[PDB]
Each structure stands twice: as C-alpha cells, then as structure tokens.
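Given next, in structure tokens, is a single chain: the form deposited in one PDB entry.
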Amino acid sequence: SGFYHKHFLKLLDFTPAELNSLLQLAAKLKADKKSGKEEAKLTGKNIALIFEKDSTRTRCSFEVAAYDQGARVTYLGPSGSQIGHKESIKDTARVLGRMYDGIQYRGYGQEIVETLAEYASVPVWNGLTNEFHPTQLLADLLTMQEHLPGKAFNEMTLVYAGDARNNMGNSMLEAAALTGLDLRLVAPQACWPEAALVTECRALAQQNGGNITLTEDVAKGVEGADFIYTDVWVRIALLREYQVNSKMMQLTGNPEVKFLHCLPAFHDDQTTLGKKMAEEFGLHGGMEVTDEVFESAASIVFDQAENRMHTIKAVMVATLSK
C-alpha cells in the first residue's frame, strides 16, 4: 500500500511486496547515482534529523541521501535535553511537523518513535530505537541481493551469530518473516530474541519459504551459511566461542560464503578500546570478527556500509515523493 506519507518505524509494518519495492527503488537510485543520472525527487523538502544518541553513520547516510535528492537537512544532535524531559513528545512532534517535511528519529524506545509519528503529521523514519533497526536491514538485504544476483531471499541462508536478544536480533527476525530466509541465530540461549516475536516471525518466515532455526551449535547452525553476520558483543564469556573467524567461514562447507557486519567492528589489535580488550581478555587478532576475516575476500562489509545510504534514500523518496 502506497509508501506515500507512510512512516518507517519497523519492518513488519510492511508486506514482503512493499519491502521488495523499497529494495528495488534503492537499487535504481544506486545505479542512477553511480551512472550520473539521478533524478532528484525531493528538491524542496526540509528534513529534520533528531539523534538522541549519536551515530556517525546514520547521520552521514541520511545527509548524503537527502542532499543527492535536493533536500536540505537540519541535524538536531544529542545536545538539547531529550524529548520527554522538558517538552512533551506530543508538543515536539506537533511543532516539528509545522516546519519539516519528514523527521528521522534515532534514540531510545520504540514508544518515542511511535508517538512522534502519531503527532507530527509528516513521515517519521526510524534510524534505530532500542527495539528496532529497520533501515540497517534494508542496506543488508540489498547487499545480499547484489552478492547473490538472481537467487531469491527464499533460497539464501543467513547466520547471525552472537548476542541477538536486542534490536539487531529483533530486526533479523522481522527480516526473515518478510523474506523467507533460512535465518539461524547462533548464540547462547541468553542471547536469543523474545519468544513471542520469534513465534510470530517463524510462522511468517516459513509461510514465505524460510524458517527461523535457533541453535547454540557453531558448525550445525552455520551448516550451509550463505552469509555470516555478527556485531559487537559488549559477555566475552558466553560470546567468545561465537567469534566469526575463518574456521567458522570454513564450517559452512561453502567456498562462496560472505561476511557482513553493521559497523563499528572490533577486529584490530590496534584501536584504543579494542586493544584494551585484546590485552585483558586475550582476544588477539580481534574480538567478534577476526581481522583476517574482516579484511577477507569474503567481507562485503563496506559495500554494506555504502548501501546504508541507498536504502535510506529509498525510504525517503518512497514516502515523500510519488
């Protein structure tokens, strides 16, 4: 149903045909920028980017995306008391929608996005809440298409290893449901998404040709991994054995498995904090991904990072333009 003036607050508010449409729009606009004949469809729009908590990355994707299409951005960073402290979400939203054509929100609970959406009558895009992270997985699913041209998501295996009882885990679940992905969350039990969402999402997943299989077992859960996905742990205790290293890549029995990570990643034995941990916890060569896999032929990590922009642009063009 028309993306026009819709919000983008979580993936499951969309059908798989809507998702597929966003993903194809993201791909036309990628090809168009790269080819030099991008049709700027937001040439008068003013977007507001509220970031209650930082993110170098989402800001940059939302600013470059907007700008390529002709829109101007007002970045509102973590500096004012945050929404709910001195002024009502209901009043912040209501004022903002009088001036801006669309609002990105990144912050705290999904309640804040859902209430900003309710009262600012402009589309509200969800840059990450504690509960969900939809724009990320748009970049991801698009990176997956590109590295398996023609295979449908229906016949792709995704392993997300590590802590999943969080908005990354929740988001993998909503992804599988709208996609039909053979999605394996490979994590200690304590690190697995909530019962209800997994119940809901499996049913949808299966119904679309995939299924959500929850394992602690590395080689088994990885068995025929197409992609292996992880993100930062901090924990190092239960999570240690889940490190994506070339052994894990080998245990797929797959000469063409690929690696993804929503960055930042701790793979060096260099960076201030990463190194601290390499020392303390013995994790040398890297923490959740080994540097030799991160800098492997197999990581498509920086195409994944580039795709963050092409999909946020798709969300904004889809909902503000016709």
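So that there is no doubt, residue numbering starts at 1 and follows the sequence shown. C-alpha atoms forming the largest set that superposes within 1.5 Å between two forms make up the rigid core.
The same protein also has a form deposited in another entry, omitted here; what follows describes it.
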query	finding
Candidates 154, 74, 199, 88 - which moves between the shown form and the other one, C-alpha at least 2 Å, core fixed	88
CA of residue 280, rigid core aligned, shift of 2 Å or more between the shown form and the other one	yes
Cα displacement of residue 269 between the shown form and the other one reaching 2 Å, rigid core superposed	yes
Cα-Cα trend for residue 65 and residue 81, given that in the other entry the distance shifts by 3 Å or more	closer
Relative Cα spacing, residue 82 and residue 129, in the other entry - shift of 3 Å or more	farther
